[PDB]
Amino acid sequence: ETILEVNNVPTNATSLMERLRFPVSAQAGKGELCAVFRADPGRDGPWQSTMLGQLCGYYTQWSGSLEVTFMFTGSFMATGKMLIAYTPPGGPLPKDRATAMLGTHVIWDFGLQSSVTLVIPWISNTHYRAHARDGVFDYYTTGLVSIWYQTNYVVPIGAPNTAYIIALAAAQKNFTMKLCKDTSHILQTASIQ
Amino acid sequence: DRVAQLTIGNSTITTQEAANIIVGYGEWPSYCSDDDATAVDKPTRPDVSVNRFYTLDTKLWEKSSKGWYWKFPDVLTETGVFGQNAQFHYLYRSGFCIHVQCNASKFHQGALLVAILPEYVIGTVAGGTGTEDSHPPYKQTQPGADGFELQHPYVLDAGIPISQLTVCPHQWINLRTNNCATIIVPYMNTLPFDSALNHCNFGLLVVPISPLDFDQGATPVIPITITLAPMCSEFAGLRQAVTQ
Amino acid sequence: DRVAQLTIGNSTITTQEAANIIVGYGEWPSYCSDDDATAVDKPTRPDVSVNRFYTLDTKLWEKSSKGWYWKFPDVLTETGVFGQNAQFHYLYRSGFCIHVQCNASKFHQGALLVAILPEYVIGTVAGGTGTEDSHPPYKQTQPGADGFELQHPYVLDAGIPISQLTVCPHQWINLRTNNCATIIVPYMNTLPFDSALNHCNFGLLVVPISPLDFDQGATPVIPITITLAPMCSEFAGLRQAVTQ
Amino acid sequence: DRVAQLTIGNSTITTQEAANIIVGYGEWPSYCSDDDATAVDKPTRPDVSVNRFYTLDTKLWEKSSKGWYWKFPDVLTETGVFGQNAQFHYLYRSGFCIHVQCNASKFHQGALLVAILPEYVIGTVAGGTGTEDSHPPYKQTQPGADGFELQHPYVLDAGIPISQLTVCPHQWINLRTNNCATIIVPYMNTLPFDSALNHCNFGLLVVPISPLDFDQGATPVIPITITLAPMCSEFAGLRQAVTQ
Amino acid sequence: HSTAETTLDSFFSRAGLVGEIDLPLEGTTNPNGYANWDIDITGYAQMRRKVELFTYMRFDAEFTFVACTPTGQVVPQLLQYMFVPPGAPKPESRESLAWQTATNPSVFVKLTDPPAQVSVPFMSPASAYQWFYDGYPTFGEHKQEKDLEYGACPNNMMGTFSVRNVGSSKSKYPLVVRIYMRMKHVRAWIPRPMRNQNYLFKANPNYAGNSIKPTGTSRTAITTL
């Protein structure tokens, strides 16, 4: 597992270190949306920060289940329950929690065990998937992941009202890749001196 | 004994501050006998697709809350595959595993009474004076998944004392002790099967007997979430989908 | 051998003038092997609720009819519980038992060729001259349950001879001999599962090779009804319902 | 499993909120084989006098800290009898038991990534524009026991992503879970022995991935202490003491 | 110490008033020598409060009919009581054809004879009677005008009890018939909180919202008796 940049928003020079974790905080209690991202490993997005995403770049096709572990880095006094859902292909980005919960999901309860693992089971029509891109190759999309507030981030007086979550992603034991190719990017502009 | 896990269908509930499990009237949900039945058509027992945990809306516990209630066959009639079967079939039958969850901190305090009241018929204040024979509206007798709030909890909005509500399968959520209540209810009715639309076998009552309290600075938002799972669901008398 | 009964699900078909049963490519429908599969999620096998006989629209055989066709996964996508599963799930897999029925009298005559053409891709007349690269509309490539009528049966609207259509699982309905055709088709595709919406595994063709004829006075309305039942249906990749 | 004790030499470490122990690359430190060696002189294996816990400086974790690093053979070259042997001998070899400790309270929060990066070569910002071939000073490549602070933790000051730093023996210190990290590292190099002065086998990185936070009133000083013990230390090629 | 007197039979097997029918000479209440009492034991507080301690109840019963004039005077008059199950024709007059009782059970007694007594079985199509039915008897829209049906369970509606002067002319005396019921072979399920407020109507638990009294007695201070 390597850190998954779910919060791939900040591009500022001083704010690069904050793409490594996303916020969670006290809400209004209406199952608010927390974060969202495509589950596609070899696609431009959050997975590009992971070792898995990088190694994928060297192979045309992959197959297997993926897993994402979320670690809560709030304080010991902070409590809460989240609902991480995985929406297989065809399902548009769920508009609300009541829609997201209809797919593969897991209700996460914060406690002594800081992390929880969302397994993105291999649910495909084809035996292998080529890298998904916008357009026609979106045929190989894996689906969407979305974190919702099951209940709410609760905290006492004296404890921070905002905490962060760090997502770590990797592949399962049934993961396989085939057909070597070059990564989409070449880290060089002019001749290297 | 303080920790527990409830797995049914493709859903799992976890808890580390439980207070055992109550089995209403000492009976586990079961299917209908061949001698207790009348409907001759073979029923549908969808199993895993309907016997799983459904999490309904969340309520906010305030220092001034009075309490809420949910009628049961009802709360689920418009949710998941259970709802579809309840709409397509005339007859329905099933037990339930109710798990009310509410956590706070070691510095918050309060006690909720979580009880199951069979045939929970709602009454009205009768125009205040008691001379007007008014009746509770559909929105109040069958509130759906959003539940409904009690206006006069002392009499359970039905002219009966809440102090005796403990003669019914119940459990308490005392913040200094546990953060959830689990009650398993068997199918209770004078008939082997009945309509999931017209009849509500029982009602779930969550009422604050000891007010919530804490010092300013501790998180003020304390939710109460209701999760419930049907058990041994059976449906019969198939036709088109009916909403009510 | 002339009489037969096909029972599957809660539906039964009867016939007293049949001509045996054809099993496409000598293989019965079966479920997907554990080594032929890729999707890792556990599939749904609804059985009796989807593997039953569905009777689609009826067509009228006229002395001038050209023929009709139905794309298969398609014809059922908006019918019964099969349709619901086909809409809610990304992946679908199944075989079919097709029973085309058409009866007349001992004084009527005519012969229908009932065949199954896998991957039945439709072509266009290319603007007549053949210089315009036009394509068949959605209404024609996937006609639904109403089927679609052939404009140029000789070439099956795809530039291929109908005279050779018999290299495909087929059967004939010769009014002086039988009044129905039964064909059992296994799941055929280069993938273990596929979308029931975007892909049509095969097409059912019903074409009059020998024109219908009779003397004035004999009932002139001779219908052709299509009844079909999925077999070994499996679905996977659950999500919300998608129509197309 | 949450409690542990590490005794080696005349030093003992205690902990009641640990998270198991990591053994780098699944290998325990060991002495050099007779077939992996080249230096013919008999080495010194001082044992208890050098294989013990040395506690280096303490760092202060601030809500804005970026992270620090320590090069290892180095941090100890001027401390205790280990340092003396490292100075008097040309060749050195050994594994390490690293124990990073940092405690807070049940009301503080934050997460430190404690990792071991072999051959941790430091790069420079190249004058900002990237046209100047500048190099890191001795004070930065070999910071000694005081460690050095990271200027650009995202790229580990070496143009490589910290998000992938977990492919190296690591452990986290999540204040709500544990208050220390223990990593055991074997001798890793392409040579059986090497200079403890010119070469640094690996670097210890302690970086805040989830910022430290707490409410005003809770103690604001949260230290991070580094304790480490050599293991299976061997030295050879004796001469006079050399500092660098 | 025995626990026998607290069994359900000991508790409920005691006849109590559940009905009262008036057959006056002149008035606006059954002045034609006949009356139709809708069988409902929910018209009197004592008997009602006891049974409403349970939600469901299955039992046989013993009905006793005490008849006399409004002064308690025993008069030489012949009466006819008839049980009219739901669906049977309810008598519209003293000389109604329905009094032929070719099939309905009837009792002919003189007020000079000891009170008529009879045994009744458990005649509900349900497995037990419900003192509380949280629902509606029919489907459809439930508008304001029909809220009258909420809580009405037909499985508890056993029919009508009819009385008349066995004759074709006006009776010479004013009559009253008190109906007592004694339960036998009792089964009961699901206990509930006991009635707290005064009863107002038969088919429902309505209470006077402006006169909501405490369950019991009150005092000045919590630290003083």
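- Regarding how it was determined, this PDB entry cites cryo-EM in its header, along with a resolution of 16.00 Å.

**Some details on unusual backbone geometry**
- Despite not being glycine, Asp47 of chain D shows a phi value in the positive range, around 55°.
- Within the fold, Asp47 of chain D resides in the loop between β3 (22-23) and β4 (54-61).
- The phi dihedral of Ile190 of chain E is positive, around 50°, even though this residue is not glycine.

**Points about the interface of chain D and chain A**
- Taken together, the contacts link 25 residues of chain D with 36 residues of chain A.
- Taking both partners together, chain D and chain A bury about 2600 Å²; carbon and sulfur atoms supply 60% of that area.
- If you look at where chain D meets chain A, you find zero salt bridges.
- Viewed at the interface, chain A and chain D are joined by 14 residue pairs in polar contact.
- At the level of secondary structure, the elements contributing two or more residues to the side of chain D that touches chain A comprise β7 (109-118), β9 (170-174) and β11 (202-213) of chain D.
- The element best represented in the side of chain D that touches chain A is β11 of chain D, accounting for five residues.
- Of the residues contributing to the side of chain D that touches chain A, the split by class is eleven nonpolar, nine polar and five charged.

**A few points about the pattern of salt bridges**
- With the rule as written, the count across this model stands at 21 salt bridges over all chains.
- Its salt-bridge partner being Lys63 of chain D, residue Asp213 of chain D comes within 3.4 Å of it at the nearest N-O pair. One end of the pair, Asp213 of chain D, is in strand β11; the other, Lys63 of chain D, is in the loop between β4 and β5 (68-71), and 150 residues separate them in sequence.
- The exposure class of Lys63 of chain D is partly exposed, given its relative accessible area of 48%.
- Salt-bridge contacts for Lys143 of chain E lead to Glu141 of chain E; the nearest nitrogen and oxygen are separated by 3.5 Å.

**Topic: the sheet that holds strand β3 (residues 22-23) of chain B**
All names here are of chain B.
- Strands sit in the order β3-β10-β6-β12-β4 across an open sheet of five strands; the sheet is mixed. Of all the strands in the sheet, just β3 and β4 (54-61) have a single pairing partner and so form its edges.
- Bridge count for β4 against strand β12 (residues 222-238) is six bridges, and the pairing is antiparallel. Within the sheet, the bridge partner assigned to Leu60 lies in β12 and is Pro223.

**Some words on the UniProt feature "binding site: Ca(2+) 1" (unreviewed entry) in chain B**
Residue and element names in this part refer to chain B.
- UniProt marks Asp57 and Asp146 with the feature "binding site: Ca(2+) 1" (unreviewed entry), using the numbering shown here. Sequence-wise these annotated residues cover 90 residues; spatially they are packed, their C-alpha atoms never more than 6.0 Å apart.
- Assignment of secondary structure puts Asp57 in strand β4.
- Those residues in contact with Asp57, other than ones at most four positions away along the chain, are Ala145, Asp146, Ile224, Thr225 and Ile226.
- Mapped onto the secondary structure, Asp146 falls in the loop between α3 (138-141) and β8 (148-149).
- Once you skip the residues sitting within four places of it in the chain, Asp146 turns out to touch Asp57, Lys59 and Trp70.

**Notes on a nonpolar patch on the surface**
- Together, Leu78, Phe108 and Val166 of chain E line one region of the surface with nonpolar side chains, adding up to about 230 Å² of accessible area.
- In this structure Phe108 of chain E comes out as partly exposed when scored by relative accessible area, which is 45%.

**Notes on helix α2 (residues 80-88) of chain C**
- Inspection of α2 of chain C places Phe82, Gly83, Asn85, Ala86 and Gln87 of chain C among the buried residues, and these make up the whole buried set.
- In this structure, the buried side of α2 of chain C is in contact with β4 (54-61), α1 (72-75), β6 (89-101) and β12 (222-238) of chain C.

**Observations regarding the packing of aromatic side chains**
- Applying the stated criterion across every chain yields a total of 50 aromatic pairs over all chains.
- Between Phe96 of chain C and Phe202 of chain C, the aromatic rings sit 5.8 Å apart at their centres with planes inclined by 75°, giving edge-to-face as the arrangement. Placement of the pair is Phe96 of chain C in strand β6 and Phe202 of chain C in strand β11 (residues 202-213), with a sequence separation of 106 residues. When sorted by exposure, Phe96 of chain C lands in the same class as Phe202 of chain C, which is buried.
- On the basis of an interplanar angle of 90° and a centroid distance of 6.4 Å, the ring pair of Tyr92 of chain D and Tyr187 of chain D is categorised as edge-to-face. Placement of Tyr92 of chain D in strand β6 (residues 89-101) and of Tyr187 of chain D in the loop between β10 (180-185) and β11 is noted, with a sequence separation of 95 residues between them.
- Aromatic ring contacts, followed pair by pair, group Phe72, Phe82, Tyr92, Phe96, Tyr187, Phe202 and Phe235 of chain B into a single cluster.
- The residue whose ring lies beneath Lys178 of chain A is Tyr128 of chain A, and the NZ or CZ to ring-centre distance is 4.4 Å.
- Sitting above the plane of the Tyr54 of chain D ring, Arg52 of chain D keeps its charged end 5.0 Å from the centroid.

**Some thoughts on the UniProt feature "binding site: Ca(2+) 2" (unreviewed entry) in chain B**
Residues and elements named next belong to chain B.
- Cross-referencing UniProt, the feature "binding site: Ca(2+) 2" (unreviewed entry) maps to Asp215 in the present numbering.
- Its location among the elements puts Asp215 in the loop between β11 (202-213) and β12.
- What makes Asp215 exposed here is its relative accessible area of 59%.

Calculation rules
Here every chain is numbered from 1 following its written sequence, which may not line up with the entry's numbers; residues without coordinates are dropped from view. Chain A is the first chain written and ligand 1 is the first ligand written, with later ones labelled in order. Any value mentioned applies to the visible chains, which represent part of a larger assembly rather than the whole. Heavy atoms throughout the structure, all of them, feed into the side-chain values; hydrogens and water do not. Each helix is a run of H or I in the DSSP string that is no shorter than four residues. Each strand is a run of E no shorter than two, and both are numbered from the N terminus. Two residues qualify as a contact provided that any one of their heavy atoms is within 4.5 Å of a heavy atom in the partner residue. Buried surface area refers to the total accessible area, computed with a probe of radius 1.4 Å, that the two partners give up upon joining, counted for both partners together. Here, a salt bridge means any side-chain nitrogen of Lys or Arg that lies within 4 Å of a carboxyl oxygen of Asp or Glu. For this analysis, a polar contact is any N or O atom pair within 3.5 Å, provided that within protein one partner can donate a hydrogen and the other can accept it, and provided that sequence-adjacent residues contribute only side-chain to side-chain pairs. Charged means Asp, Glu, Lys or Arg here, nonpolar means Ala, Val, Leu, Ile, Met, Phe, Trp, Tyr, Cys or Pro, and polar covers whatever is left, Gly included. The classification of residues rests on relative accessible area computed with a 1.4 Å probe and restricted to protein chains. Under 20% of the type maximum is buried, over 50% is exposed, and intermediate values are partly exposed. Two strands qualify as a pair provided DSSP detects at least 2 bridges between them. UniProt positions are given in the numbering used here, feature names are shortened, and annotations may be inferred rather than shown by experiment. Residues enter a patch when their relative accessible area is above 30% and they make no salt bridge; the linking distance is 9 Å between like charges and 5 Å between nonpolar side chains (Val, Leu, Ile, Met, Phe, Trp, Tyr). Only the protein chains shown count as cover for residues, and all accessible areas are computed by the Shrake-Rupley method using a 1.4 Å probe. Stacked, edge-to-face and tilted are the three classes for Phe, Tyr and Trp ring pairs, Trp counted by its six-membered ring, which pair at centre distances within 6.5 Å; planes under 30 degrees apart are stacked, over 60 edge-to-face, the rest tilted. In this analysis the charged atom, NZ for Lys or CZ for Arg, is taken to sit over a ring once it is within 6 Å of the ring centre and within 35 degrees of the ring normal.

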